[PDB]
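Okay, so here's the structure we're looking at.
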Amino acid sequence: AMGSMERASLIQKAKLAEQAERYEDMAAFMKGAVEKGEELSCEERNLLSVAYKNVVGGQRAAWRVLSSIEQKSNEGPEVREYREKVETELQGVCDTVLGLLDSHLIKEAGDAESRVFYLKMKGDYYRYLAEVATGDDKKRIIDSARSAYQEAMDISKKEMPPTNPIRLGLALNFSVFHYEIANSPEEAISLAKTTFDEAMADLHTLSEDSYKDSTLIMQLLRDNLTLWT
Amino acid sequence: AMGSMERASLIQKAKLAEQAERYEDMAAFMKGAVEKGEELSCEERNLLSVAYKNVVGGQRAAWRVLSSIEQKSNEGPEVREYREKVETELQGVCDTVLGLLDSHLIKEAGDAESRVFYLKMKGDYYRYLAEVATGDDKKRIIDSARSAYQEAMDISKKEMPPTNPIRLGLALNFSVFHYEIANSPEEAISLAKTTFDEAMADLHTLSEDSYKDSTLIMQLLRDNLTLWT
Amino acid sequence: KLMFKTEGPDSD
Amino acid sequence: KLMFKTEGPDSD
Ligand SMILES: COc1ccc(C(=O)NCCN)c2cc(C(=N)N)sc12
Ligand SMILES: COc1ccc(C(=O)NCCN)c2cc(C(=N)N)sc12
Ligand SMILES: [Cl-]
Ligand SMILES: [Cl-]
Ligand SMILES: [Mg+2]
Ligand SMILES: [Mg+2]
């Protein structure tokens with residue numbers, strides 16, 4: 001849809017949309033930028049992620065509200081119908097993001113910071129699909145999330161220091177995957193603890209600014225561990 | 001677009017969308033309910049108003065962000081283009097609401113509580129159009145807002161007590177119209193003061209619950225008067 | 001912009 | 001639902 005706008009104009013308008021809290025617009029602008037076919041810079045990857053995280057976040061929150069009303073009702077068809085409507089739109093956004101990652105962001109990503117970033121995103125959007133899935137479909141979706149997170153983890157441990165914020169955010173999200181998608185709370189706790197401890201020992205290498213970036217995400221690991229133990 | 005869904009199902013789903021903070025959906029459901037052609041109850045009118053107020057509110061906030069960036073830039077074409085895009089979508093929402101009021105909510109509204117409500121809405125959505133308009137177009141839009149607010153005021157003074165929340169909210173909004181659309185701050189202050197004082201004298205007639213409803217809106221008049229004097 | 005109080009949802 | 005901390009915007 002954005003084929004007629006310059007790549008640089010799409011990125012500029014994504015930043016404007018962010019300032020205006022117009023995240024559906026922001027996501028459409030960044031989808032257009034991706035579809036230009038060039039690789040994305042670090043800033044551009046983060047614009048892409050922020051845009052779709054905001055869009056899918058609203059959908060997830062709405063789906064949970066409606067699912068809760070529906071479950072209570074099952075303790076007319078309208079609640080189920082409308083939950084299904086939101087669910088289908090949520091699945092559509094996840095499919096769009098996964099489509100961008102498959103065509104062709106991941107295959108052109110060779111540096112660890114880009115490849116880990118995109119594989120983490122792939123795990124995340126399969127995880128959001130898993131939150132609303134059932135049955136055998138759910139098992140295959142969960143396996144897809146796990147496989148993406150695991151490839152990202154393997155690269156991040158080989159190629160990034162333990163305080164790298166991308167590596168930290170990946171570990172955070174993979175631990176939440178374990179806790180509440182994979183029903184593996186012990187794996188979740190182990191991963192969060194080990195990640196936190198190995199990052200602690202590497203903080204001595206960091207500048208003041210990098211220290212703030214890394215400790216911010218470490219606090220999220222701690223927040224979860226506090227709820228989990 | 002909602003022609004195949006039952007009226008009662010549209011209202012039910014509007015309430016669900018509200019709970020899920022899905023206000024674009026809520027507005028579409030209520031537009032569908034209006035287009036069934038029956039008059040709206042008090043609850044239904046408020047669902048219609050809440051839905052579109054939330055939609056247009058996000059657009060107004062985004063437009064202001066972008067307009068501010070644009071003005072600073074004028075102290076590439078992308079800021080102007082994107083401000084124009086949001087502006088056009090905002091004007092479209094206002095035109096849709098005004099269309100519902102004209103076809104045919106106002107003409108079928110005979111009771112003061114419905115007719116004042118819809119004429120206030122007509123003033124409000126012309127006011128939102130005025131916020132983004134220029135030149136002669138702006139003058140005619142301002143006149144349309146003023147004319148709707150004035151008819152609503154005339155009915156409300158004849159048919160409603162001074163504490164009636166609809167009457168109070170109308171006076172509040174008409175006073176803001178005067179202050180910052182019509183460049184009539186003295187008229188704004190006079191209207192807010194007189195409205196507040198006449199409501200004060202009628203509070204003695206109210207139940208505990210009605211007292212809370214009326215004093216809530218009276219506090220908004222006071223808030224504005226404090227900023228204006 | 002400083003927005004004054006108007007009726008209903010403060011959605012902007 | 002109690003949502004645990006994950007990376008990036010807390011948009012839900
Ligand atoms: C950690 O992620 C980011 C890194 C960098 C930037 C950036 O602007 N410039 C640096 C160029 N490499 C950025 C901007 C975001 C935003 N607009 N939400 S996130 C984000
Ligand atoms: C003052 O405006 C209202 C009046 C009444 C209701 C209502 O539910 N039931 C009473 C039937 N007359 C209502 C519900 C709103 C909402 N869902 N935001 S507003 C609003
Ligand atoms: Cl539906
Ligand atoms: Cl644009
Ligand atoms: Mg144990
Ligand atoms: Mg004076």
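Here's how to read the names in the structure tokens: chain A, B, ... by the order shown, residue numbers from 1 in each chain, ligand numbers from 1 in the order shown.
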
Expected answer as a PyMOL selection string: residues within 12 Å of ligand 4, only C-alpha atoms and all ligand atoms: (chain A and resi 1-2+4-6+9-17+22+25-26+28-29) or (chain B and resi 66+77-89)

Please identify the residues whose atoms come within 10 Å of ligand 2, using only C-alpha atoms and all ligand atoms, and report them as number ranges by chain. B: 14-19, 41-51, 165-166, 213; C: 8-9

Please write the residues from the selection above to a file, keeping N, CA, C and O atoms, as a PDB file, in the first residue's frame.
ATOM      1  N   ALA B  14     -21.621  -2.752  21.307  1.00  0.00           N
ATOM      2  CA  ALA B  14     -21.080  -1.447  21.668  1.00  0.00           C
ATOM      3  C   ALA B  14     -20.640  -1.420  23.128  1.00  0.00           C
ATOM      4  O   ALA B  14     -19.587  -0.861  23.461  1.00  0.00           O
ATOM      5  N   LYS B  15     -21.454  -1.990  24.019  1.00  0.00           N
ATOM      6  CA  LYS B  15     -21.107  -2.013  25.440  1.00  0.00           C
ATOM      7  C   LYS B  15     -19.867  -2.869  25.689  1.00  0.00           C
ATOM      8  O   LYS B  15     -19.016  -2.516  26.519  1.00  0.00           O
ATOM      9  N   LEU B  16     -19.748  -3.993  24.979  1.00  0.00           N
ATOM     10  CA  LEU B  16     -18.550  -4.826  25.088  1.00  0.00           C
ATOM     11  C   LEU B  16     -17.321  -4.085  24.578  1.00  0.00           C
ATOM     12  O   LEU B  16     -16.254  -4.106  25.207  1.00  0.00           O
ATOM     13  N   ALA B  17     -17.452  -3.431  23.424  1.00  0.00           N
ATOM     14  CA  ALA B  17     -16.342  -2.667  22.876  1.00  0.00           C
ATOM     15  C   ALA B  17     -15.898  -1.587  23.854  1.00  0.00           C
ATOM     16  O   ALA B  17     -14.694  -1.335  24.009  1.00  0.00           O
ATOM     17  N   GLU B  18     -16.850  -0.912  24.504  1.00  0.00           N
ATOM     18  CA  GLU B  18     -16.496   0.070  25.528  1.00  0.00           C
ATOM     19  C   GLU B  18     -15.647  -0.574  26.624  1.00  0.00           C
ATOM     20  O   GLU B  18     -14.611  -0.028  27.023  1.00  0.00           O
ATOM     21  N   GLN B  19     -16.073  -1.737  27.119  1.00  0.00           N
ATOM     22  CA  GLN B  19     -15.331  -2.402  28.189  1.00  0.00           C
ATOM     23  C   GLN B  19     -13.920  -2.747  27.742  1.00  0.00           C
ATOM     24  O   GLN B  19     -12.967  -2.673  28.534  1.00  0.00           O
ATOM     25  N   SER B  41     -32.694   5.444  22.974  1.00  0.00           N
ATOM     26  CA  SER B  41     -32.936   5.699  24.370  1.00  0.00           C
ATOM     27  C   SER B  41     -31.834   6.570  24.983  1.00  0.00           C
ATOM     28  O   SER B  41     -30.808   6.822  24.372  1.00  0.00           O
ATOM     29  N   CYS B  42     -32.021   6.998  26.222  1.00  0.00           N
ATOM     30  CA  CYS B  42     -31.040   7.805  26.895  1.00  0.00           C
ATOM     31  C   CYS B  42     -29.686   7.057  26.965  1.00  0.00           C
ATOM     32  O   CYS B  42     -28.632   7.630  26.606  1.00  0.00           O
ATOM     33  N   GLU B  43     -29.701   5.784  27.369  1.00  0.00           N
ATOM     34  CA  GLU B  43     -28.457   5.019  27.462  1.00  0.00           C
ATOM     35  C   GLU B  43     -27.788   4.914  26.101  1.00  0.00           C
ATOM     36  O   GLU B  43     -26.567   5.037  25.992  1.00  0.00           O
ATOM     37  N   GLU B  44     -28.596   4.648  25.075  1.00  0.00           N
ATOM     38  CA  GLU B  44     -28.062   4.483  23.721  1.00  0.00           C
ATOM     39  C   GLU B  44     -27.462   5.785  23.195  1.00  0.00           C
ATOM     40  O   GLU B  44     -26.412   5.764  22.531  1.00  0.00           O
ATOM     41  N   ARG B  45     -28.109   6.924  23.459  1.00  0.00           N
ATOM     42  CA  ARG B  45     -27.532   8.204  23.060  1.00  0.00           C
ATOM     43  C   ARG B  45     -26.177   8.404  23.703  1.00  0.00           C
ATOM     44  O   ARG B  45     -25.221   8.866  23.059  1.00  0.00           O
ATOM     45  N   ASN B  46     -26.072   8.071  24.982  1.00  0.00           N
ATOM     46  CA  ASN B  46     -24.789   8.226  25.635  1.00  0.00           C
ATOM     47  C   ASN B  46     -23.740   7.265  25.088  1.00  0.00           C
ATOM     48  O   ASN B  46     -22.580   7.665  24.963  1.00  0.00           O
ATOM     49  N   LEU B  47     -24.111   6.033  24.696  1.00  0.00           N
ATOM     50  CA  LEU B  47     -23.148   5.144  24.057  1.00  0.00           C
ATOM     51  C   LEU B  47     -22.650   5.739  22.748  1.00  0.00           C
ATOM     52  O   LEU B  47     -21.455   5.671  22.433  1.00  0.00           O
ATOM     53  N   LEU B  48     -23.565   6.297  21.962  1.00  0.00           N
ATOM     54  CA  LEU B  48     -23.189   6.930  20.702  1.00  0.00           C
ATOM     55  C   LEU B  48     -22.195   8.058  20.942  1.00  0.00           C
ATOM     56  O   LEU B  48     -21.144   8.139  20.286  1.00  0.00           O
ATOM     57  N   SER B  49     -22.509   8.933  21.900  1.00  0.00           N
ATOM     58  CA  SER B  49     -21.657  10.071  22.205  1.00  0.00           C
ATOM     59  C   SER B  49     -20.300   9.635  22.744  1.00  0.00           C
ATOM     60  O   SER B  49     -19.260  10.111  22.276  1.00  0.00           O
ATOM     61  N   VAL B  50     -20.280   8.696  23.698  1.00  0.00           N
ATOM     62  CA  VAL B  50     -19.000   8.239  24.261  1.00  0.00           C
ATOM     63  C   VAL B  50     -18.113   7.642  23.178  1.00  0.00           C
ATOM     64  O   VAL B  50     -16.900   7.897  23.133  1.00  0.00           O
ATOM     65  N   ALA B  51     -18.696   6.860  22.278  1.00  0.00           N
ATOM     66  CA  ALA B  51     -17.914   6.205  21.233  1.00  0.00           C
ATOM     67  C   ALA B  51     -17.222   7.239  20.353  1.00  0.00           C
ATOM     68  O   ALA B  51     -15.996   7.211  20.169  1.00  0.00           O
ATOM     69  N   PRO B 165     -28.068  17.661  34.017  1.00  0.00           N
ATOM     70  CA  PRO B 165     -26.692  17.471  33.526  1.00  0.00           C
ATOM     71  C   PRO B 165     -26.517  17.726  32.038  1.00  0.00           C
ATOM     72  O   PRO B 165     -25.426  18.130  31.608  1.00  0.00           O
ATOM     73  N   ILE B 166     -27.537  17.440  31.228  1.00  0.00           N
ATOM     74  CA  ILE B 166     -27.438  17.723  29.797  1.00  0.00           C
ATOM     75  C   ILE B 166     -27.329  19.221  29.575  1.00  0.00           C
ATOM     76  O   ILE B 166     -26.471  19.702  28.823  1.00  0.00           O
ATOM     77  N   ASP B 213     -24.194  14.107  40.305  1.00  0.00           N
ATOM     78  CA  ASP B 213     -24.120  14.274  38.855  1.00  0.00           C
ATOM     79  C   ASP B 213     -23.983  15.744  38.469  1.00  0.00           C
ATOM     80  O   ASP B 213     -23.169  16.100  37.610  1.00  0.00           O
TER      81      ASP B 213
ATOM     82  N   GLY C   8     -17.934  15.129  28.993  1.00  0.00           N
ATOM     83  CA  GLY C   8     -17.740  13.767  28.539  1.00  0.00           C
ATOM     84  C   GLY C   8     -16.286  13.340  28.517  1.00  0.00           C
ATOM     85  O   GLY C   8     -15.414  14.024  29.053  1.00  0.00           O
ATOM     86  N   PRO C   9     -15.996  12.203  27.887  1.00  0.00           N
ATOM     87  CA  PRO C   9     -14.627  11.663  27.917  1.00  0.00           C
ATOM     88  C   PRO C   9     -13.559  12.685  27.550  1.00  0.00           C
ATOM     89  O   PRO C   9     -13.619  13.323  26.495  1.00  0.00           O
TER      90      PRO C   9
END

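For ligand 5, the protein and nucleic acid residues at most 12 Å away, judged by only C-alpha atoms and all ligand atoms, amount to residues 184, 185, 186, 187, 188, 189, 190, 228 and 229 of chain A.
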
Selected residues, C-alpha atoms, written as an mmCIF file, in the first residue's frame, please.
data_model
loop_
_atom_site.group_PDB
_atom_site.id
_atom_site.type_symbol
_atom_site.label_atom_id
_atom_site.label_comp_id
_atom_site.auth_asym_id
_atom_site.auth_seq_id
_atom_site.Cartn_x
_atom_site.Cartn_y
_atom_site.Cartn_z
ATOM 1 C CA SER A 184 7.567 -24.626 32.483
ATOM 2 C CA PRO A 185 7.808 -22.269 35.488
ATOM 3 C CA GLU A 186 11.050 -23.835 36.730
ATOM 4 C CA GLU A 187 12.700 -23.237 33.343
ATOM 5 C CA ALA A 188 11.402 -19.660 33.435
ATOM 6 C CA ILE A 189 12.876 -19.046 36.893
ATOM 7 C CA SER A 190 16.218 -20.686 36.036
ATOM 8 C CA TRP A 228 7.389 -16.222 40.652
ATOM 9 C CA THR A 229 9.218 -17.149 43.886
#

What residues in chain D have any atom no more than 6 Å from chain A when counting only C-alpha atoms, and can you write them as a PyMOL selection string? chain D and resi 5-7+11-12

Return chain D as a compact mmCIF listing (two decimals) with N, CA and C atoms, in the first residue's frame, after superposing it on chain C by a least-squares fit that covers all C-alpha atoms paired in order.
# COMPACT_ATOMS: atom_id res chain seq x y z
N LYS D 1 -1.27 22.29 23.33
CA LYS D 1 -2.24 23.36 23.58
C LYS D 1 -2.91 23.13 24.92
N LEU D 2 -3.16 24.22 25.66
CA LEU D 2 -4.00 24.13 26.85
C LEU D 2 -5.44 23.92 26.41
N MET D 3 -6.01 22.77 26.76
CA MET D 3 -7.40 22.45 26.45
C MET D 3 -8.26 22.71 27.68
N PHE D 4 -9.35 23.43 27.48
CA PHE D 4 -10.28 23.70 28.56
C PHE D 4 -11.22 22.52 28.76
N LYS D 5 -11.89 22.49 29.90
CA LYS D 5 -12.80 21.40 30.21
C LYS D 5 -14.04 21.42 29.34
N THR D 6 -14.33 20.31 28.66
CA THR D 6 -15.62 20.15 27.98
C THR D 6 -16.22 18.82 28.43
N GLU D 7 -17.48 18.62 28.10
CA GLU D 7 -18.28 17.52 28.62
C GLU D 7 -17.78 16.15 28.16
N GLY D 8 -17.93 15.13 28.99
CA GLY D 8 -17.74 13.77 28.54
C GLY D 8 -16.29 13.34 28.52
N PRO D 9 -16.00 12.20 27.89
CA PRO D 9 -14.63 11.66 27.92
C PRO D 9 -13.56 12.69 27.55
N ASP D 10 -12.56 12.82 28.43
CA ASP D 10 -11.35 13.60 28.14
C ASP D 10 -10.41 12.73 27.30
N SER D 11 -10.81 12.54 26.05
CA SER D 11 -10.17 11.58 25.16
C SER D 11 -9.07 12.19 24.31
N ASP D 12 -8.86 13.50 24.41
CA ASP D 12 -7.77 14.15 23.72
C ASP D 12 -6.85 14.79 24.76

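Shell of segment 201-208 of chain A at 12 Å, with only C-alpha atoms counted and residues fewer than 5 places along the chain excluded, is residues 160, 161, 162, 163, 164, 165, 194, 195, 196, 213, 214, 215 and 218 of chain A.
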
State, in Å with one decimal place, the distance from atom CA of residue 73 of chain B to atom 11 (C, counted along the ligand's line) of ligand 1. 22.1 Å

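Shortest separation to chain A among B:125, B:117, B:23, B:149 occurs at residue B:23, atoms counted being only C-alpha atoms.
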
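Proximity ranking of A:38, A:32, A:92, A:67 relative to chain B places A:67 first, based on only C-alpha atoms.
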
To one decimal place, how far is atom CA of residue 141 of chain A from atom CA of residue 116 of chain A in Å? 19.4 Å

Could you pull out the residues in segment 5-70 of chain B that DSSP calls helix (DSSP H, G or I) from the backbone, as a PyMOL selection string? chain B and resi 7-19+23-35+42-70
